[PDB]
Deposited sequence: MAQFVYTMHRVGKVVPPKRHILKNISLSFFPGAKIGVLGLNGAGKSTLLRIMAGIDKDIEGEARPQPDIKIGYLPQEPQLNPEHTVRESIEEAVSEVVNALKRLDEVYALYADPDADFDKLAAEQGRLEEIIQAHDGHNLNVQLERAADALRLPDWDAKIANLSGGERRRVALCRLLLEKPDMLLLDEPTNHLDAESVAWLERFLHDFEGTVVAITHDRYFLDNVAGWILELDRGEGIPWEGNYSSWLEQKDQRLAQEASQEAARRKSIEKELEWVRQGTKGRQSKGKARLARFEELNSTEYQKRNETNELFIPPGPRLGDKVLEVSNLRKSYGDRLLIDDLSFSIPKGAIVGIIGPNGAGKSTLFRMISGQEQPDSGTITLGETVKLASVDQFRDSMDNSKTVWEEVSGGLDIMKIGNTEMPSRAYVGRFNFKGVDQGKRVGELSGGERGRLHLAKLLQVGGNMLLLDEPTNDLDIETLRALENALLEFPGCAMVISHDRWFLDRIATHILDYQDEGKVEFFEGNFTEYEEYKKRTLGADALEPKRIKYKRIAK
């Protein structure tokens, strides 16, 4: 099990009250790897090294070092024996070799005893000489790190003097793995350069918490960033990490901008700047511009344009439909202008969804006529969000595995089309079952609008959406070149986009009106008198 010098599985650390300084840390460490540990103060960098040291065992998950290796650890604040001298503290580091020399003098002294076994002496002496690979080395190391005099008490030493001693011991022990917490503190520039050289040529594994960018750029072959107490391994040095950090910031800036834009659209409406269909039908041609729609592609939600709509879209004449013994619609007539967004309201079971199924040709009227224009291509999106297999992902659900989809008449990357429904790269592998009813609503929308129709029949797309999606949807629809008919009980949504209203009343009565929800209610009140808006059913 030497393939990894250290492993962590779901490692965490809780500090009272219940704060986690680290969470879900799953990482593998390779022998010889040189890793720089980055992260803001409080990201748990130091705790992480204490765990690898074997000092902190009170953790979640499992933290295992390679078996039978030497681990050296440098805390931020050195731990030395105030009574020892510098000489003695350093000599503790080379105990392994000092003990060899002592044993070797014994072996040599054993040669003079007639009961000694030559072969065993010579063999052990050989095994002792094999280990050696001193007083001059210590002097050499001592100079390198500017150590205080050999005779100095640890007590008398400064904090920086103690650090240099602790550092020198560690390097002289030559462990398999060096764990370094801010090793450049209290050192001078040429010493740091010397340290970098040592760390660079060091044959074992180095995990260093440091701000020193020459370390990170010239030694570090991996950057381990700690953020929310979670680990972000990055393969490469400081420079390439820095480039990655920049792109990540540019992405973040891009995502908030897209969404600051969505919010500002609603703000204009709110300010207010009204009083979008007294204007919508007039500027229809402006929406049908190819260059114009190409700019809306970076909007939070972007609905694909259908084929160009003609003047005649939907003509319904004396429409009549019943279900069982219940009259749903009687004598309904209307024409839908191109560009119109028609909000549909009324009590459930009034036959609202039934109209869609009839325009769609899934059901037949009992009487009357429904006529669509020859340029009309329907996109129906029913109210259900139910998945037969909620183990599939957002992207699998929409694409069916296709990398390239024909969205309407146009081929395009499925990833891009999915992204145009505010499903970011990181969200596309989320399973359907893992999504919120809101998100299940965006997905249902994303899946079914792939047909690229210029006439959208949306049955309650708004029922379960969160505010940001509702706003993005409103905005997307205000930009959509074709027609939409939307069954909804969201009044703000209706007032923002609707050019017309179909109002289902009891006994098969259906009222058609030009305006939004609020305009309709006032008109209904104005004509039916007060108590008109007060709902009434059983």
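For this chain, the deposited residues without C-alpha positions form the stretches 134-139, 282-285, 549-555, given in sequence order.
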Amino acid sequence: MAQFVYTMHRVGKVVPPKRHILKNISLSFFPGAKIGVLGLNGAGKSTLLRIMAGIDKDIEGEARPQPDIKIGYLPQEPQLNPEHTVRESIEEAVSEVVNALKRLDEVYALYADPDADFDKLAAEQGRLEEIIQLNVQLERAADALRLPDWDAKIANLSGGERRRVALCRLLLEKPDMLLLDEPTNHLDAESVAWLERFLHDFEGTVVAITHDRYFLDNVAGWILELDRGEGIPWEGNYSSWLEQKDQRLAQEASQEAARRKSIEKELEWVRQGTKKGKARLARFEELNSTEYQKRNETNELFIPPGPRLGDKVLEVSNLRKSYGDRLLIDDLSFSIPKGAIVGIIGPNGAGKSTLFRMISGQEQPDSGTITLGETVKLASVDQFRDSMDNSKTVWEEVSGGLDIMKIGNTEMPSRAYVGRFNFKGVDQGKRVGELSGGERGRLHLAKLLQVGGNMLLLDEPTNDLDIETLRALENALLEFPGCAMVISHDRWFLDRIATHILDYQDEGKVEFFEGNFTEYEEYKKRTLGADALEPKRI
From here on, numbers count along this sequence of modelled residues.
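When the mean C-alpha temperature factors of 507-515 and 492-500 are read from the deposited coordinates, 507-515 comes out higher.
When the C-alpha B-factors of 455-463 and 102-110 are averaged, 102-110 comes out higher.
Comparing the listed residues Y73, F423, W150, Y238, the entry records the largest Cα B-factor for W150. In the deposited coordinates, the residue among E243, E129, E315, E196 with the greatest CA B-factor is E129.
In the deposited entry, the Cα temperature factor of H444 places it in the lowest third of its chain's modelled residues.
For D58, the recorded CA temperature factor ranks within the highest third of the chain's modelled residues. Placement of the Cα temperature factor of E190 within the chain: lowest third of the modelled residues, per the deposited record. Ranked within its chain, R163 lands in the middle third, by CA B factor from the PDB record. Ranked by Cα temperature factor within the chain, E182 sits in the lowest third according to the deposited record.
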